[PDB]
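The block underneath contains the structure these notes are about, expressed in structure tokens.
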Amino acid sequence: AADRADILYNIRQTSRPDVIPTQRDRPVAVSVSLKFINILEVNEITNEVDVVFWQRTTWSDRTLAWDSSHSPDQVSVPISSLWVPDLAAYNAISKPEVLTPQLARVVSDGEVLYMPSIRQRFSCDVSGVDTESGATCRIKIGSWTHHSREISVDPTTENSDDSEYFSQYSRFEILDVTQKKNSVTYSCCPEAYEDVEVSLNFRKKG
Amino acid sequence: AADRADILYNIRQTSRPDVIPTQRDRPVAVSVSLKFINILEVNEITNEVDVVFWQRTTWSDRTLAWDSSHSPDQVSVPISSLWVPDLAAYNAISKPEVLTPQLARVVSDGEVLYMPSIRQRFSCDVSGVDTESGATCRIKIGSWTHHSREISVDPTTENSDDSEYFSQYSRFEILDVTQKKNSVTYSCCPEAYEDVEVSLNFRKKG
Amino acid sequence: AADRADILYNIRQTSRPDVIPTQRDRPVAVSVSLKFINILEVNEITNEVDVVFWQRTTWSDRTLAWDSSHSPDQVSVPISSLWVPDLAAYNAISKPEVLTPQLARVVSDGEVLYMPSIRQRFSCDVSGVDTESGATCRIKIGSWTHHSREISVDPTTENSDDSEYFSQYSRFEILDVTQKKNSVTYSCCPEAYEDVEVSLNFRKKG
Amino acid sequence: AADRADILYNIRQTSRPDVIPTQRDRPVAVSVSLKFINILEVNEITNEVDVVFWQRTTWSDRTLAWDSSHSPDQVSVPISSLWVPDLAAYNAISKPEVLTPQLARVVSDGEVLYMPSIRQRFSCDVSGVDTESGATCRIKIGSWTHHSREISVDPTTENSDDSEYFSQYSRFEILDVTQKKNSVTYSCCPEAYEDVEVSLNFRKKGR
Amino acid sequence: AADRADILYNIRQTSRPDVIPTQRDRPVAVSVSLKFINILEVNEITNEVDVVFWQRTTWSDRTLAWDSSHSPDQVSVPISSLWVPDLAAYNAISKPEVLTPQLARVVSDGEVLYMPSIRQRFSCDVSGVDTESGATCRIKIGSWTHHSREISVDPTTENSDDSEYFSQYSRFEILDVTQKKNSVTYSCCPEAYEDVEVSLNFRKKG
Ligand SMILES: N=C1NCCN1Cc1ccc(Cl)nc1
Ligand SMILES: N=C1NCCN1Cc1ccc(Cl)nc1
Ligand SMILES: N=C1NCCN1Cc1ccc(Cl)nc1
Ligand SMILES: N=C1NCCN1Cc1ccc(Cl)nc1
Ligand SMILES: N=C1NCCN1Cc1ccc(Cl)nc1
């Protein structure tokens, strides 16, 4: 019957932040889905935008699992104590600005959830943001160094209200958001890398 | 018959900065109260504002208690040596800029007070800022990863003037500040999360 | 017979950065003095100014003391290895940008001197900066978490022109500088906190 | 039998981040090539540009090798656990802003690949950015403190599409990219320092 | 029988980053000379300029020496493993932005060379920048906490074209560069602190 202190202590002794938790020779299945919170500074002339979004990220890591028969079955853990997938947005033109406490939730079964609220600038198509149809800014996110056999990424099944969390005070409104998985091979490299492309159709209010 | 050195040393020997100090299976009660110091940048067109405030924060941690019968009963402690609630402002569009030494005040019975002065940018209703009625900007703050059964937040009904510490050189002025407590279940997640909503009614001086 | 290496090693092992060096039941006496170096960007519309100054800060930590009858008398020491008063500028609207190496000077008797050059933005009265009488910007600095019985702050003065180190290439000039001492009691807390208030009377150069 | 945990621990135990892995008495051969992702800011008046690019960097460190017969032959390693060349862009006017996770790939034979995506501002020729032949911005990269007898740098034959990774949404477009090596002796210092000069020929597009 | 790993190993044992390496009771002789790379943001209205420059800095530290009879006689070392003089630019209005890897070069005889390329903004005389005689910007650099008896700073009057490294794409050009050594006694303190003043004569092109 251990408490949270013991659950945290066993996580640091067994957890290897630098070691991807693959099972045998299977890829670590990572789920990525964005929940837009705000659109702050659009520029149609430069095709750049400033977005704020929650980056819901989940994966399994057995090396963390613990017996919660008679103890807390879930805890908040600092990401520096866990292996976290090395995701990056291909068309982001600034480092992600993590606005929230960098803590993830870890379940006794090893399921991990990490959902930081991020503000980041992207290079995308802003043409038409000032029309009825609007603009569609696509954002691609995938593992930076782990190819398809080590990390697989797919859009979460969840499909909440596109703007269920979006700021009603933004100068913009979300028309629609679609997610689409991809598996690409680049000439630079022999292996294929997976990514999830999120298409944000939005327009200036009026 | 200890001194401040021993008090600090002991705290390092029992404090678990990454372990939420829950008593029994009950939530840690955190009190949040904002004292506005300044309103630096307001943009009605973008509905964005820059505010400086003291975030009076209190909670209890019995793992820090000590016998002060023959020693001081209070000491300043760097927050990095203590567990601190993972609070985040939901509508913040910038990371908080802590303008003061990051030290908390710990009392012998375990009571902790951390009151950092913060400059942060928010996304809120700025409409009417130039009218006599002014604008009403709501700031939502709560635990980012600890649900209602782990952390509960409540407003500090402290009796004092809202503009008691507000700068007299700001281009704006405070008309009224109210603080209400909320509890919300989001579609993203199973448990409920609490937050304190602080409503700042202010306007440009005449 | 000891060298600097011995002295600096001893200082690191005995000095406790998180323990205020109070002696007996009396407060640590801290002296503070500002020597203005520049005025970079003033804004009368927003009552905001950007200043560069040397903050001469001194205090005692007798535990650091050592017999220098047969070894160095003084040594430069990184402030992170020393306890330093948690001073804060109450009306500052940006964090201090320390321009100089963060080293303090420790004399064998335990006297500590720290004089960083700092650029910082403040919210103060800028009205009249374009007039012959100029504006008077007041800066308030004092311990953030240590009350009057743990830390004391007092203004230091030098028999030297207020503009002796001021930039001749600045668009502004110094008319006068005065420093008063205060002991304010805030409704937030029971004890009183001291502060040094420095008044800067400056104006745009003809 | 070895797993990733064994390898990463061994790498971190044998790798010397502050010791250039020169073999015998030859210099470490570092390969550098840039893959342009975007051109964000251009000022023909000041001759300053803001670019985003993948700085592909490869070199060998034999001590990192391990028998991959019964184990993985490739792993991602944080660069803080490895010695990496102290490359610097001579004409850069801002610290490089690394946009991606700072991880390198280490192969069982000791081959290392580090390819960060970087946004950085440079001082180069921007004249003609609105012409048909565009401007040609030269970026010079080489080791900051290791001379030619310690580190050598060569351009990788990027015989691929120059705009393969370039953003289709940039206000600019790439016409051509060439790379050439140089070995320079400055009057400041007795030894020669090698570098790779990347020539970016680009221009503003038309409506 | 020794290699680079051995050399670095010995250095990170005998070397004390916090201890100035004085010989006997004499001061550490430090050579400082700036190689201008670019002039970027000139403002004649505010007497401010953004300059990029290699800050060649040399000095000796015998505690680093080693027998190079059968081993390399030079190695690149992170400055965090070495004592480095605490130089500061008096009229700089921003912290130094070090653009290059922070490595110093150490020779077997204990000679050290540290030459980072720095971008920094200064407050200096910009008047005349648009004339033929041009503006003359004076930059002052010296130890911050080490007085004449601990550190002396002298310029390296080497015949190196003032524009060898200067960017041919700058909007400005270097007419001439001169150096001058000084020794000052600031009202704040008894000792005298040496500095080198580098006068930069430049002008707009054409
Ligand atoms: N994520 C991708 N897809 C193609 C290239 N790349 C980036 C990448 C791959 C491997 C290393 Cl060590 N560094 C960066
Ligand atoms: N504080 C809240 N309320 C709804 C979502 N959320 C943020 C959150 C919750 C759990 C984790 Cl691991 N990360 C971020
Ligand atoms: N010194 C000041 N200024 C405003 C309030 N206060 C006192 C204070 C007391 C305790 C803690 Cl943790 N922080 C600040
Ligand atoms: N890469 C080059 N070429 C000439 C000068 N230089 C930079 C350099 C060389 C040595 C040290 Cl310790 N610091 C900086
Ligand atoms: N070099 C300078 N410039 C202004 C004052 N000073 C000398 C000095 C002496 C002691 C300490 Cl702790 N700091 C600085």
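If you're wondering about the labels, chains in the structure tokens are A, B, ... by order shown, residues count from 1 in each chain, ligands from 1 in order shown.
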
Return as a ChimeraX atom specification every polymer residue, whether protein, DNA or RNA, with at least one atom no more than 10 Å from an atom of ligand 5; count only C-alpha atoms and all ligand atoms. /C:35,53-58,75-79,100-106,112-117,165 /E:86-90,141-147,184-195

Mind writing the picked residues with N, CA and C atoms as a short mmCIF file (atom, residue, chain, number, x, y, z; two decimals), in the first residue's frame?
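Final output, saved to again26.cif:
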```
data_model
loop_
_atom_site.label_atom_id
_atom_site.label_comp_id
_atom_site.auth_asym_id
_atom_site.auth_seq_id
_atom_site.Cartn_x
_atom_site.Cartn_y
_atom_site.Cartn_z
N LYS C 35 23.03 54.71 -8.60
CA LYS C 35 23.87 55.64 -9.34
C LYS C 35 23.43 55.52 -10.78
N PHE C 53 21.30 51.73 -14.18
CA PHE C 53 21.93 52.21 -12.95
C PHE C 53 22.77 51.17 -12.22
N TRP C 54 23.64 51.64 -11.33
CA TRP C 54 24.46 50.74 -10.52
C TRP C 54 23.76 50.65 -9.17
N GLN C 55 23.47 49.44 -8.73
CA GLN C 55 22.81 49.27 -7.45
C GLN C 55 23.79 48.79 -6.40
N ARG C 56 24.46 49.75 -5.75
CA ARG C 56 25.42 49.44 -4.71
C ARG C 56 24.67 48.85 -3.53
N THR C 57 24.93 47.59 -3.22
CA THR C 57 24.24 46.92 -2.12
C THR C 57 25.25 46.31 -1.15
N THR C 58 25.12 46.61 0.14
CA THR C 58 26.06 46.06 1.13
C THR C 58 25.38 45.50 2.38
N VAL C 75 37.96 38.91 -1.86
CA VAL C 75 37.81 37.97 -2.97
C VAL C 75 36.49 38.21 -3.69
N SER C 76 36.52 38.11 -5.01
CA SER C 76 35.31 38.26 -5.80
C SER C 76 34.63 36.90 -5.73
N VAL C 77 33.32 36.90 -5.50
CA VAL C 77 32.55 35.66 -5.37
C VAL C 77 31.23 35.71 -6.13
N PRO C 78 30.87 34.61 -6.81
CA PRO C 78 29.61 34.55 -7.58
C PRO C 78 28.45 34.66 -6.59
N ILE C 79 27.48 35.54 -6.86
CA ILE C 79 26.36 35.69 -5.93
C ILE C 79 25.56 34.42 -5.65
N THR C 100 26.25 43.34 -15.90
CA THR C 100 27.59 43.04 -15.46
C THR C 100 27.74 41.66 -14.84
N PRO C 101 28.98 41.15 -14.78
CA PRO C 101 29.22 39.83 -14.19
C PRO C 101 28.60 39.81 -12.79
N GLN C 102 27.84 38.77 -12.49
CA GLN C 102 27.18 38.67 -11.20
C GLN C 102 28.11 38.16 -10.10
N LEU C 103 29.04 39.03 -9.74
CA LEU C 103 30.03 38.76 -8.72
C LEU C 103 29.95 39.81 -7.62
N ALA C 104 30.12 39.36 -6.38
CA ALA C 104 30.11 40.26 -5.24
C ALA C 104 31.52 40.25 -4.67
N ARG C 105 31.82 41.24 -3.85
CA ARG C 105 33.12 41.32 -3.23
C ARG C 105 32.92 41.04 -1.72
N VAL C 106 33.65 40.05 -1.20
CA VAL C 106 33.57 39.68 0.22
C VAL C 106 34.86 40.07 0.96
N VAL C 112 29.87 42.31 2.69
CA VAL C 112 29.61 41.91 1.31
C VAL C 112 29.18 43.11 0.50
N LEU C 113 29.75 43.24 -0.69
CA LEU C 113 29.39 44.32 -1.60
C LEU C 113 29.00 43.73 -2.96
N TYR C 114 27.87 44.18 -3.49
CA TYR C 114 27.39 43.74 -4.79
C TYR C 114 26.88 44.99 -5.49
N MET C 115 27.46 45.27 -6.65
CA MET C 115 27.10 46.46 -7.41
C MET C 115 26.86 46.10 -8.87
N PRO C 116 25.69 45.53 -9.17
CA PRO C 116 25.45 45.18 -10.57
C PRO C 116 24.97 46.39 -11.34
N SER C 117 25.25 46.42 -12.64
CA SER C 117 24.75 47.50 -13.47
C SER C 117 23.47 46.88 -14.02
N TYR C 165 28.56 59.71 -13.43
CA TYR C 165 28.72 58.51 -14.25
C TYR C 165 27.63 58.43 -15.30
N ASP E 86 36.39 38.86 -15.59
CA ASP E 86 35.04 39.41 -15.54
C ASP E 86 34.90 40.78 -16.22
N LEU E 87 35.15 40.80 -17.53
CA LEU E 87 35.05 42.03 -18.32
C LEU E 87 33.60 42.45 -18.56
N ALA E 88 33.38 43.76 -18.60
CA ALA E 88 32.05 44.30 -18.83
C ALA E 88 32.21 45.56 -19.66
N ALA E 89 31.26 45.81 -20.54
CA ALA E 89 31.30 47.01 -21.36
C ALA E 89 30.47 48.06 -20.62
N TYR E 90 31.15 49.06 -20.08
CA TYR E 90 30.49 50.13 -19.31
C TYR E 90 29.32 50.82 -19.99
N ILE E 141 35.83 48.97 -21.84
CA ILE E 141 35.78 47.62 -21.30
C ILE E 141 36.85 47.37 -20.25
N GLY E 142 36.45 46.80 -19.11
CA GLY E 142 37.41 46.51 -18.06
C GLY E 142 36.83 45.53 -17.06
N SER E 143 37.65 45.09 -16.12
CA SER E 143 37.16 44.16 -15.11
C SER E 143 36.11 44.88 -14.28
N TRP E 144 35.10 44.15 -13.86
CA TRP E 144 34.07 44.78 -13.05
C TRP E 144 34.41 44.77 -11.57
N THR E 145 34.89 43.64 -11.05
CA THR E 145 35.19 43.54 -9.62
C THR E 145 36.66 43.37 -9.23
N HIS E 146 37.56 43.30 -10.21
CA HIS E 146 38.98 43.14 -9.92
C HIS E 146 39.71 44.46 -10.19
N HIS E 147 40.33 45.02 -9.16
CA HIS E 147 41.05 46.28 -9.32
C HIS E 147 42.45 46.09 -9.89
N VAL E 184 40.78 53.97 -13.50
CA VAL E 184 39.83 54.82 -12.79
C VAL E 184 39.51 54.42 -11.35
N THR E 185 39.25 55.43 -10.52
CA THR E 185 38.88 55.22 -9.12
C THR E 185 37.45 55.72 -8.97
N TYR E 186 36.48 54.81 -8.94
CA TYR E 186 35.09 55.22 -8.82
C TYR E 186 34.75 55.59 -7.38
N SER E 187 33.98 56.66 -7.23
CA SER E 187 33.57 57.17 -5.92
C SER E 187 33.13 56.07 -4.97
N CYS E 188 32.53 55.03 -5.54
CA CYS E 188 32.04 53.89 -4.77
C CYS E 188 33.12 53.14 -4.07
N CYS E 189 34.29 53.15 -4.68
CA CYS E 189 35.33 52.31 -4.18
C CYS E 189 36.75 52.89 -4.19
N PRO E 190 37.57 52.49 -3.20
CA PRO E 190 38.97 52.89 -2.98
C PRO E 190 39.99 52.54 -4.05
N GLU E 191 39.93 51.30 -4.54
CA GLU E 191 40.88 50.85 -5.55
C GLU E 191 40.61 51.51 -6.90
N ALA E 192 41.53 51.30 -7.84
CA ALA E 192 41.39 51.84 -9.18
C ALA E 192 41.14 50.66 -10.11
N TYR E 193 40.23 50.83 -11.06
CA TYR E 193 39.90 49.77 -12.01
C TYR E 193 40.31 50.16 -13.42
N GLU E 194 41.15 49.33 -14.03
CA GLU E 194 41.64 49.58 -15.37
C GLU E 194 40.62 49.23 -16.45
N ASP E 195 40.75 49.87 -17.60
CA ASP E 195 39.87 49.62 -18.72
C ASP E 195 40.57 50.00 -20.01
#
```

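Residues in contact range of residue 127 in chain C, defined as at most 10 Å between only C-alpha atoms, with sequence neighbours fewer than 5 positions away removed, read residues 169 of chain B; 43, 44, 45, 46, 47, 134, 135, 136, 137 and 203 of chain C.
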
Compute the set of chain D residues within 7 Å of chain E, using only C-alpha atoms, and express it as a tab-separated table (two decimals) with N, CA, C and O atoms, in the first residue's frame.
```tsv
chain	number	residue	atom	x	y	z
D	18	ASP	N	33.44	16.99	-24.39
D	18	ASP	CA	34.43	18.05	-24.49
D	18	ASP	C	35.76	17.60	-25.10
D	18	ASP	O	36.74	18.35	-25.07
D	19	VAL	N	35.78	16.39	-25.65
D	19	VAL	CA	36.98	15.86	-26.28
D	19	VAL	C	36.73	15.53	-27.75
D	19	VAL	O	36.00	14.58	-28.08
D	46	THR	N	19.35	47.06	-45.65
D	46	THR	CA	20.33	46.69	-44.63
D	46	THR	C	21.16	45.47	-45.00
D	46	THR	O	22.16	45.17	-44.34
D	47	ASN	N	20.76	44.77	-46.05
D	47	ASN	CA	21.44	43.55	-46.46
D	47	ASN	C	21.36	42.52	-45.33
D	47	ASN	O	22.38	41.96	-44.90
D	86	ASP	N	31.94	22.37	-33.03
D	86	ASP	CA	31.61	23.74	-32.66
D	86	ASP	C	31.45	24.64	-33.90
D	86	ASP	O	32.08	25.71	-34.01
D	88	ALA	N	30.05	27.35	-36.56
D	88	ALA	CA	29.46	28.67	-36.41
D	88	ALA	C	29.32	29.35	-37.78
D	88	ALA	O	30.15	29.15	-38.67
D	94	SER	N	22.63	36.76	-35.44
D	94	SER	CA	21.79	36.36	-34.31
D	94	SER	C	22.23	34.95	-33.92
D	94	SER	O	22.78	34.22	-34.75
D	95	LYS	N	22.02	34.58	-32.66
D	95	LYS	CA	22.36	33.23	-32.22
D	95	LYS	C	21.40	32.31	-32.97
D	95	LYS	O	20.24	32.67	-33.21
D	123	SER	N	24.00	38.43	-42.47
D	123	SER	CA	24.49	39.63	-43.13
D	123	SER	C	25.10	39.11	-44.44
D	123	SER	O	26.16	38.49	-44.44
D	124	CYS	N	24.40	39.35	-45.54
D	124	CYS	CA	24.86	38.90	-46.84
D	124	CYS	C	24.28	39.82	-47.91
D	124	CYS	O	23.50	40.72	-47.60
D	125	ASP	N	24.65	39.58	-49.16
D	125	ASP	CA	24.17	40.42	-50.27
D	125	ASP	C	22.71	40.18	-50.66
D	125	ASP	O	22.36	39.13	-51.19
D	144	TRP	N	34.52	26.94	-35.16
D	144	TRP	CA	34.91	28.18	-34.52
D	144	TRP	C	36.29	28.11	-33.88
D	144	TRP	O	37.07	29.05	-34.03
D	145	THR	N	36.62	27.01	-33.21
D	145	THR	CA	37.93	26.95	-32.55
D	145	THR	C	38.90	25.84	-32.97
D	145	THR	O	40.02	25.78	-32.48
D	187	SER	N	44.85	36.83	-40.34
D	187	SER	CA	46.07	37.37	-39.74
D	187	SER	C	46.06	37.27	-38.22
D	187	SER	O	47.10	37.41	-37.58
```

Strand (DSSP E or B) per DSSP on the backbone: members of range 5-205 of chain D, as a PyMOL selection string: chain D and resi 28-43+48-60+74-78+87-89+92+97-98+103-107+111-114+117-123+135-143+151-155+172-184+193-204

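Using only C-alpha atoms for every distance, the candidate list C:12, C:199, C:163, C:48 yields C:48 as the residue closest to residue 120 in chain C.
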
Report, in Å with one decimal, the straight-line distance from CA of residue 70 in chain D to CA of residue 65 in chain A. 26.9 Å

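With only C-alpha atoms and all ligand atoms as the basis for measurement, B:148 is the residue among B:148, B:49, B:19, B:130 that approaches ligand 2 most closely.
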